[PDB]
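Accompanying notes for the structure given below.
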Amino acid sequence: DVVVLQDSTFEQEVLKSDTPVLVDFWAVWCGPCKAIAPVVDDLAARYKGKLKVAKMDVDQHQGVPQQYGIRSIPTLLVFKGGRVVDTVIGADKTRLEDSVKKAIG
Numbered sequence: 005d006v007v008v009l010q011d012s013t014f015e016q017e018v019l020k021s022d023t024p025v026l027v028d029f030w031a032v033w034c035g036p037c038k039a040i041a042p043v044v045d046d047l048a049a050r051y052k053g054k055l056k057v058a059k060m061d062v063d064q065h066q067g068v069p070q071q072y073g074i075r076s077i078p079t080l081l082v083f084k085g086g087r088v089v090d091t092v093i094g095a096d097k098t099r100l101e102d103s104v105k106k107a108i109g
C-alpha cells in the first residue's frame, strides 16, 4: 500500500498524482519515525481509494527533501494538485489525520 519514492520518480508519483498524496519523509535511524509509521500504514489502508501514500528515505534521496526544506524528521507532507496542503513536523498523529482529511475532504 505505501509507495517508495526516489528523487527521480517524485514529480511523477507525487506532483502529478490525480489523488491527494501523503509523503512521509523518514530514515532508518529515526525513532519517532517508527512511532508514526504505523499511522501512515493505517491511513494507507483506510483511505486506499482516496489517498496515495508514499515514503522517502532522506538518506537515499537527498535532492527532493532539500527542495522542500525538510530539516528534521519525521516530517510529513500532504500534497494535492502539485501543492503542499500541510507540513506535519514530528510524529503528530492528530495533525496528520486532520491534514489528510482536509486534503481529501
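Quick note on PDB author numbering: the sequence shown kicks off at 5 and runs consecutively.
Built from N, CA and C at the ideal position, the CB exists for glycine as well.
Query: Contained beta strand (DSSP E) runs [length at least 3] in the segment 33-80, N- to C-terminal order; Result: 56-61
Query: Spatial distance of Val62 from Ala49 (CA atoms); Result: 23 angstroms
Query: Buried or exposed (CB count within 10 angstroms, at least 16 for buried), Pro24; Result: buried
Query: Helix, strand or coil at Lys20 [DSSP, three-state]; Result: coil
Query: Pair within 8 angstroms by beta-carbon distance, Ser76 and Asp90; Result: no
Query: 8 angstroms Cβ shell around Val7 - same chain, five flanking residues per side excluded; Result: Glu17, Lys56, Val57, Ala58 and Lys59
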